[PDB]
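The structure file my_file_24.txt is reproduced below (compact mmCIF, C-alpha atoms (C1' of nucleotides) and all ligand atoms).
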# COMPACT_ATOMS: atom_id res chain seq x y z
CA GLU A 9 4.79 22.11 -8.91
CA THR A 10 1.57 24.13 -9.42
CA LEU A 11 1.79 25.65 -12.87
CA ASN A 12 0.87 22.32 -14.24
CA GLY A 13 -1.04 21.07 -11.16
CA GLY A 14 -4.56 20.40 -12.63
CA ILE A 15 -3.09 18.79 -15.73
CA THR A 16 -1.08 16.41 -13.73
CA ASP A 17 -3.88 15.98 -11.24
CA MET A 18 -6.43 14.94 -13.85
CA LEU A 19 -3.83 12.69 -15.50
CA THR A 20 -3.39 10.90 -12.26
CA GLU A 21 -7.16 10.54 -11.71
CA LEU A 22 -7.29 8.93 -15.11
CA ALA A 23 -4.18 6.77 -14.56
CA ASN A 24 -5.44 5.53 -11.34
CA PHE A 25 -8.64 4.59 -12.81
CA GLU A 26 -7.19 2.37 -15.59
CA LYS A 27 -4.96 0.57 -13.25
CA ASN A 28 -7.88 -0.21 -10.82
CA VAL A 29 -11.27 -0.28 -12.35
CA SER A 30 -10.08 -1.48 -15.68
CA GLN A 31 -7.06 -3.60 -16.10
CA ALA A 32 -5.15 -1.05 -18.25
CA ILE A 33 -1.65 -1.24 -17.03
CA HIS A 34 -0.52 0.19 -20.23
CA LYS A 35 -2.90 3.16 -20.35
CA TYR A 36 -2.32 3.40 -16.82
CA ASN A 37 1.39 3.45 -17.18
CA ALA A 38 0.72 5.87 -19.95
CA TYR A 39 -0.92 8.50 -17.81
CA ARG A 40 1.80 8.56 -15.29
CA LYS A 41 4.81 9.01 -17.45
CA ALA A 42 2.68 11.73 -18.93
CA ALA A 43 1.87 13.19 -15.61
CA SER A 44 5.50 12.80 -14.69
CA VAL A 45 6.95 15.03 -17.45
CA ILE A 46 4.34 17.81 -17.57
CA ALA A 47 5.11 18.24 -13.94
CA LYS A 48 8.72 18.92 -14.73
CA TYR A 49 7.71 21.34 -17.35
CA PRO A 50 8.79 24.76 -16.46
CA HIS A 51 5.98 26.62 -18.07
CA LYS A 52 2.27 26.96 -17.99
CA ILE A 53 1.10 24.46 -20.68
CA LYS A 54 -1.43 26.49 -22.69
CA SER A 55 -2.53 23.95 -25.09
CA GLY A 56 -2.73 20.45 -26.35
CA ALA A 57 -0.18 20.58 -29.02
CA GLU A 58 1.94 22.44 -26.60
CA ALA A 59 2.07 19.60 -24.12
CA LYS A 60 1.99 17.44 -27.05
CA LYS A 61 5.56 18.36 -27.76
CA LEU A 62 6.43 16.30 -24.81
CA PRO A 63 7.69 12.81 -24.55
CA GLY A 64 4.90 10.67 -23.33
CA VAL A 65 2.34 12.93 -24.69
CA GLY A 66 0.41 11.44 -27.41
CA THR A 67 -2.65 12.49 -29.26
CA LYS A 68 -5.04 11.03 -26.69
CA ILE A 69 -3.68 12.74 -23.76
CA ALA A 70 -3.31 16.06 -25.51
CA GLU A 71 -6.87 15.91 -26.45
CA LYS A 72 -7.78 15.57 -22.83
CA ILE A 73 -5.64 18.44 -21.82
CA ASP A 74 -7.41 20.52 -24.39
CA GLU A 75 -10.88 19.88 -22.99
CA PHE A 76 -9.78 20.44 -19.47
CA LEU A 77 -7.94 23.62 -20.43
CA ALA A 78 -10.90 24.68 -22.47
CA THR A 79 -13.53 23.92 -19.77
CA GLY A 80 -12.75 23.43 -16.04
CA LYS A 81 -13.79 19.82 -16.35
CA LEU A 82 -13.18 16.58 -18.17
CA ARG A 83 -16.15 14.47 -19.25
CA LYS A 84 -14.67 11.05 -18.95
CA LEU A 85 -13.44 12.19 -15.53
CA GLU A 86 -16.97 13.32 -14.76
CA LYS A 87 -18.52 10.10 -16.00
CA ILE A 88 -16.22 7.81 -13.71
CA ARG A 89 -16.41 10.18 -10.78
CA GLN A 90 -20.15 9.42 -10.85
CA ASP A 91 -20.21 5.63 -11.75
CA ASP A 92 -21.10 3.36 -8.88
CA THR A 93 -19.00 0.50 -10.05
CA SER A 94 -15.75 2.22 -10.30
CA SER A 95 -16.92 3.99 -7.14
CA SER A 96 -17.26 0.67 -5.43
CA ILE A 97 -13.83 -0.58 -6.41
CA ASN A 98 -12.30 2.56 -5.03
CA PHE A 99 -13.99 1.86 -1.81
CA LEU A 100 -13.63 -1.87 -1.16
CA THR A 101 -10.03 -1.36 -1.79
CA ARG A 102 -9.63 0.48 1.50
CA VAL A 103 -10.08 -2.68 3.36
CA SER A 104 -6.80 -4.05 4.47
CA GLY A 105 -6.35 -7.08 2.36
CA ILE A 106 -8.52 -6.03 -0.49
CA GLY A 107 -6.64 -5.16 -3.65
CA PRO A 108 -8.31 -4.15 -6.93
CA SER A 109 -8.30 -7.71 -8.06
CA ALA A 110 -10.54 -8.84 -5.33
CA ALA A 111 -12.31 -5.48 -5.36
CA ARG A 112 -13.47 -6.17 -8.80
CA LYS A 113 -14.45 -9.75 -8.02
CA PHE A 114 -16.50 -8.71 -5.06
CA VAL A 115 -18.13 -6.05 -7.05
CA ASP A 116 -19.04 -8.61 -9.57
CA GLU A 117 -20.74 -10.67 -6.99
CA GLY A 118 -22.43 -7.61 -5.77
CA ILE A 119 -20.43 -6.87 -2.67
CA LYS A 120 -20.30 -3.12 -2.91
CA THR A 121 -20.64 -1.99 0.62
CA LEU A 122 -19.15 -2.54 3.96
CA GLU A 123 -22.33 -4.22 5.12
CA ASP A 124 -22.29 -6.50 2.15
CA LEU A 125 -18.89 -7.13 3.23
CA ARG A 126 -20.12 -8.42 6.49
CA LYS A 127 -22.97 -10.52 5.27
CA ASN A 128 -20.32 -12.45 3.32
CA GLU A 129 -17.56 -12.54 5.77
CA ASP A 130 -17.11 -16.05 4.61
CA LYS A 131 -15.91 -14.86 1.17
CA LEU A 132 -12.97 -13.13 2.73
CA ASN A 133 -9.70 -14.65 3.97
CA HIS A 134 -8.29 -13.86 7.47
CA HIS A 135 -6.32 -10.77 6.42
CA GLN A 136 -9.35 -9.23 4.74
CA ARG A 137 -11.40 -10.42 7.63
CA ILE A 138 -9.26 -8.57 9.99
CA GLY A 139 -9.14 -5.55 7.67
CA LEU A 140 -12.90 -5.38 7.99
CA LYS A 141 -12.90 -5.89 11.65
CA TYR A 142 -10.53 -2.95 12.15
CA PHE A 143 -11.79 -0.86 9.25
CA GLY A 144 -12.38 2.36 11.35
CA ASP A 145 -9.19 2.05 13.49
CA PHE A 146 -7.18 1.21 10.40
CA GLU A 147 -7.95 4.57 8.99
CA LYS A 148 -7.12 6.58 12.09
CA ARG A 149 -3.72 8.24 12.40
CA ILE A 150 -1.40 7.33 15.31
CA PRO A 151 -0.61 10.07 17.88
CA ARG A 152 3.07 10.34 18.75
CA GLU A 153 1.78 10.51 22.31
CA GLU A 154 0.52 6.92 21.68
CA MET A 155 3.59 6.06 19.54
CA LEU A 156 5.71 6.91 22.54
CA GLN A 157 3.65 4.45 24.67
CA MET A 158 3.84 1.72 22.12
CA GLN A 159 7.46 1.97 21.46
CA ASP A 160 7.88 1.89 25.18
CA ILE A 161 6.29 -1.44 25.50
CA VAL A 162 8.06 -3.11 22.68
CA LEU A 163 11.45 -2.07 23.65
CA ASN A 164 10.67 -3.38 27.10
CA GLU A 165 9.76 -6.86 26.20
CA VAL A 166 12.37 -7.29 23.45
CA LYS A 167 14.93 -6.65 26.00
CA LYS A 168 13.31 -8.87 28.54
CA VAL A 169 13.53 -11.78 26.17
CA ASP A 170 16.92 -11.00 24.84
CA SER A 171 19.20 -8.43 25.95
CA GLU A 172 21.17 -8.87 22.84
CA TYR A 173 18.23 -7.65 20.74
CA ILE A 174 18.43 -4.40 18.81
CA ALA A 175 15.23 -2.75 17.91
CA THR A 176 14.31 0.41 16.14
CA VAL A 177 11.03 2.04 15.56
CA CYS A 178 11.59 3.59 12.19
CA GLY A 179 9.55 5.84 9.95
CA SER A 180 7.93 9.26 10.54
CA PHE A 181 7.87 8.56 14.18
CA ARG A 182 11.62 8.27 14.09
CA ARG A 183 11.73 11.50 12.18
CA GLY A 184 9.99 13.51 14.99
CA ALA A 185 6.50 13.43 13.16
CA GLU A 186 3.33 14.40 15.14
CA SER A 187 1.32 11.42 14.03
CA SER A 188 2.13 8.24 12.13
CA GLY A 189 0.11 5.64 10.17
CA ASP A 190 1.33 2.27 11.56
CA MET A 191 4.21 1.08 13.64
CA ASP A 192 7.45 -0.33 12.03
CA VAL A 193 9.89 -1.98 14.22
CA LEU A 194 13.30 -2.80 12.66
CA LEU A 195 14.87 -5.75 14.27
CA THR A 196 18.25 -7.40 14.49
CA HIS A 197 20.32 -9.50 16.67
CA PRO A 198 24.10 -10.33 16.77
CA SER A 199 23.73 -14.09 16.14
CA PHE A 200 22.04 -13.17 12.74
CA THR A 201 23.70 -11.69 9.80
CA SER A 202 24.35 -12.08 6.07
CA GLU A 203 25.88 -15.57 6.38
CA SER A 204 24.71 -17.14 9.72
CA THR A 205 22.00 -19.30 8.42
CA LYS A 206 18.93 -17.94 10.07
CA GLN A 207 17.29 -18.28 13.37
CA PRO A 208 13.63 -17.86 12.69
CA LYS A 209 12.94 -18.24 16.36
CA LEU A 210 14.81 -15.01 16.65
CA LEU A 211 11.65 -13.40 15.15
CA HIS A 212 9.21 -15.79 16.74
CA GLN A 213 10.31 -15.35 20.21
CA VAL A 214 9.47 -11.77 20.33
CA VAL A 215 6.33 -12.21 18.42
CA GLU A 216 5.26 -14.40 21.21
CA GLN A 217 6.33 -12.19 24.00
CA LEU A 218 4.38 -9.34 22.51
CA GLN A 219 1.28 -11.46 22.23
CA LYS A 220 1.79 -12.99 25.60
CA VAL A 221 1.33 -9.66 27.26
CA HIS A 222 -1.45 -8.51 24.85
CA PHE A 223 0.33 -6.05 22.79
CA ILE A 224 -0.15 -8.06 19.78
CA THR A 225 -3.70 -8.85 19.18
CA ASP A 226 -3.84 -10.41 15.81
CA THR A 227 -1.59 -11.84 13.24
CA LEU A 228 -1.98 -10.63 9.60
CA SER A 229 1.06 -12.58 8.40
CA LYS A 230 4.08 -14.14 9.94
CA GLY A 231 7.18 -15.64 8.36
CA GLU A 232 10.70 -16.24 9.40
CA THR A 233 11.69 -12.59 8.96
CA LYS A 234 8.67 -10.46 8.68
CA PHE A 235 5.59 -10.51 10.65
CA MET A 236 2.60 -8.22 9.90
CA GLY A 237 0.09 -7.74 12.75
CA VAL A 238 -2.37 -5.69 14.84
CA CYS A 239 -1.69 -4.20 18.24
CA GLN A 240 -3.26 -2.27 21.00
CA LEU A 241 -2.57 -0.30 24.13
CA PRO A 242 -3.92 -1.62 27.27
CA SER A 243 -7.08 0.17 27.95
CA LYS A 244 -6.45 1.99 31.14
CA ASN A 245 -8.74 2.33 34.07
CA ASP A 246 -11.71 2.14 31.78
CA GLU A 247 -13.89 4.63 30.06
CA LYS A 248 -11.50 4.63 27.17
CA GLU A 249 -10.07 1.83 24.97
CA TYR A 250 -7.39 2.09 22.26
CA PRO A 251 -7.86 1.79 18.52
CA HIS A 252 -6.33 -1.24 16.86
CA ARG A 253 -2.95 -0.48 15.16
CA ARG A 254 -1.17 -1.94 12.26
CA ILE A 255 2.26 -3.06 13.36
CA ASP A 256 5.17 -4.57 11.38
CA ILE A 257 8.17 -6.21 12.81
CA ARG A 258 11.11 -7.30 10.62
CA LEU A 259 14.24 -9.35 11.30
CA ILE A 260 17.52 -8.16 9.95
CA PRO A 261 20.88 -9.73 9.89
CA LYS A 262 22.93 -7.52 12.26
CA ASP A 263 25.30 -6.67 9.48
CA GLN A 264 22.75 -4.52 7.53
CA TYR A 265 20.74 -2.82 10.13
CA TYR A 266 21.81 0.78 9.73
CA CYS A 267 21.56 0.75 5.98
CA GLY A 268 18.30 -0.89 6.66
CA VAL A 269 17.45 1.48 9.33
CA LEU A 270 18.82 4.48 7.63
CA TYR A 271 16.75 3.75 4.80
CA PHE A 272 13.32 3.18 6.30
CA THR A 273 13.67 6.40 8.27
CA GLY A 274 13.66 8.19 4.89
CA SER A 275 12.24 10.72 4.13
CA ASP A 276 11.83 9.38 0.58
CA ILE A 277 13.57 12.55 -0.55
CA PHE A 278 16.37 12.48 2.03
CA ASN A 279 17.02 9.05 0.82
CA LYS A 280 17.35 9.86 -2.76
CA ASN A 281 19.21 12.97 -1.93
CA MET A 282 21.43 11.06 0.32
CA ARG A 283 21.67 8.41 -2.23
CA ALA A 284 22.47 10.84 -4.97
CA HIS A 285 25.46 12.10 -3.06
CA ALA A 286 26.98 8.64 -2.27
CA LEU A 287 27.32 8.49 -6.09
CA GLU A 288 29.59 11.48 -6.51
CA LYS A 289 31.26 10.67 -3.23
CA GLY A 290 32.32 7.40 -5.03
CA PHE A 291 29.68 4.98 -3.63
CA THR A 292 26.46 3.15 -3.88
CA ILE A 293 23.67 2.99 -1.24
CA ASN A 294 20.67 0.68 -1.06
CA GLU A 295 18.42 -0.79 1.63
CA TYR A 296 21.20 -3.22 2.88
CA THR A 297 24.59 -2.06 1.94
CA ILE A 298 26.94 0.55 0.66
CA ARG A 299 29.68 -0.37 -1.66
CA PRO A 300 32.49 1.68 -3.11
CA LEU A 301 32.07 2.55 -6.74
CA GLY A 302 34.72 1.18 -9.09
CA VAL A 303 35.66 3.28 -12.14
CA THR A 304 34.99 0.48 -14.80
CA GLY A 305 31.43 1.62 -14.44
CA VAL A 306 30.41 -0.45 -11.44
CA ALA A 307 31.99 -2.17 -8.49
CA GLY A 308 31.08 -4.20 -5.35
CA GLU A 309 32.25 -4.73 -1.75
CA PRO A 310 29.95 -3.85 1.13
CA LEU A 311 31.52 -1.52 3.53
CA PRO A 312 31.41 -2.12 7.29
CA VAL A 313 28.71 -0.16 9.20
CA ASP A 314 28.17 0.05 13.07
CA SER A 315 25.87 3.13 13.08
CA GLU A 316 24.15 5.63 10.84
CA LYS A 317 27.33 7.56 11.45
CA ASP A 318 29.68 5.28 9.56
CA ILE A 319 27.58 5.86 6.50
CA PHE A 320 27.56 9.63 6.64
CA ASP A 321 31.32 9.48 7.29
CA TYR A 322 31.67 7.22 4.26
CA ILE A 323 30.14 9.60 1.84
CA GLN A 324 31.59 12.28 4.14
CA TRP A 325 28.34 14.02 4.85
CA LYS A 326 26.97 15.87 7.74
CA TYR A 327 25.44 13.44 10.20
CA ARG A 328 21.82 14.55 9.99
CA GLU A 329 19.71 14.00 13.05
CA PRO A 330 16.71 11.91 12.04
CA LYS A 331 14.68 14.99 13.11
CA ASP A 332 15.99 16.67 9.96
CA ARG A 333 16.02 13.80 7.51
CA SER A 334 13.08 15.70 6.15
CA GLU A 335 14.65 16.20 2.69
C1' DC B 1 11.34 -4.88 -4.75
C1' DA B 2 10.44 -8.37 -1.53
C1' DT B 3 8.03 -11.39 1.50
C1' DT B 4 3.85 -14.07 2.80
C1' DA B 5 -0.75 -16.03 1.82
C1' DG B 6 -3.42 -18.80 -1.09
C1' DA B 7 -5.59 -22.02 -3.50
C1' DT C 1 3.05 -22.93 -9.00
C1' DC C 2 1.28 -18.01 -9.82
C1' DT C 3 -1.00 -14.37 -8.39
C1' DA C 4 -2.17 -11.27 -5.10
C1' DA C 5 -1.36 -7.87 -1.37
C1' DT C 6 1.39 -4.72 1.95
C1' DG C 7 4.94 -2.65 2.75
MN MN D 401 4.85 3.68 8.92
MN MN D 402 4.48 -0.57 7.74
Would you write out, as C-alpha cells, the structure that this file holds?
Amino acid sequence: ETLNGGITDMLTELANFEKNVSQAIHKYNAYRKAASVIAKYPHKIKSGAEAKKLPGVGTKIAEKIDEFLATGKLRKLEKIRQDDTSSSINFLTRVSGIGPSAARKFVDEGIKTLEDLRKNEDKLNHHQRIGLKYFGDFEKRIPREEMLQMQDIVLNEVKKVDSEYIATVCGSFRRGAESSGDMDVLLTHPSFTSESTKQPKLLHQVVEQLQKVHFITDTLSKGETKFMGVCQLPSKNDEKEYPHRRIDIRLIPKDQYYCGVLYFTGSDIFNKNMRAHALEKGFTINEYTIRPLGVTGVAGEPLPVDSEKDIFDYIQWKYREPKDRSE
DNA sequence: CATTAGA
DNA sequence: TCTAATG
C-alpha cells in the first residue's frame, strides 16, 4: 500500500505506455499483473531478484526494479516522459471520443494539439467533435450543489411524462460525495422487464422531454436502452452560465433495477465486499440479479427484489445507507 | 462486460 | 462485419 508504492507506480507508468503509445497488450498486460502482486507483497522489496521471486516477475521487470531501486529514476521512464509523440497520444486521448487508436492516427497525420484538432474538425466524428467542443467543461468536476439542481430537473420531467417512471441518480452523488464527474440516471418502468419485449420509446420519450426543455443539449449516442449525452443548467439571470455536463441515462427492465442500482452506487469496494459475502451467505450477486448458490458447485434462479433492502435481507446483511457504501 | 457508432 | 470508445 506504500512499501511498494514507487515500484508499482513505475510499473504502471510503463504498463500504461505499452498499451497506449505502442500496441503492446502483452507487455502491457505484463506490467500490471506485475504491479498487481508486488503491491500485495508484505515487505519492502529490496532488490531485483527479490521481487523476482514473484509470479509475474520476470527478468525484464526485475531489471527495471533494480535501476529504480538503485537510482531514484528509470531511464526508459525518463525517455518517454520527455518524448513528444507519446506525449501527444497521452493528450489527444483526453478528448471525449478519442481513444489511443485514433490518438495514434491523428498523431501520425500531425494532429498533436488542441488547435490542430480544430483546424481539422472535419477529421473527427460527432462524438469527438463534441468532445472537443466541451473539452474544458468535460474536465471540470460537478458540484453536488449543481448535482442537486440537475437531479431536480430530471426527476421532474420524468414524472411529468410518466408517473410510472422510476429514476435514480446513481454513483458518488448517490453516495453523499461532494463532487461528481458526470451524471448517471438509472431508469426503469413497470411495463419493461426481463421478458416484456422492449419499449424503446420508453427511453426515447424522456430523452425528448429533457431536450424539449433544454436540459439535454447534445446527443453523444442514443439507442433503445442507453443514451449518452450532454446537459446544462439554465443559465440564470445572466452573468453566469453553466458548464456542459456529461450525462448518461439507461433503461432497465423493472425486474433488475435494484441489483442494477445497488451495483452502480458501488463503491467498487463495497460491491466486491458485498459481493464476497453473498458467496458465504449462499448466493451470487451481479449487476442484474442474485441467485441462490447450489452445492453442486453452481446454481441459478434469480431471486425477487423490490428494493435494495430485499438484497441485504437475502444475504442477511446490515442495510447500509448509500452514505456508507464507502467500502 | 456491454452497448452504440462507424465505415 | 469488426473495431473502436465510454461507461
Ligand atoms: Mn459518474
Ligand atoms: Mn457515466
Exercise. Find the residues in chain C near chain A: any atom within 9 Å counts, using all atoms listed in the file. Write them as a PyMOL selection string.
Key: chain C and resi 4-7
Exercise. Restrict the distance test to only C-alpha atoms (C1' of nucleotides), flag each residue of chain A within 8 Å of chain B, and return the flagged residues as an MDAnalysis selection string.
Key: chainID A and resid 229:231 234
Practice problem: Using only C-alpha atoms (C1' of nucleotides) and all ligand atoms, determine which residues fall within 9 Å of ligand MN 401 (chain D), then list them as a ChimeraX atom specification. | Solution: /A:178-181,188-192,254-256,272 /C:7
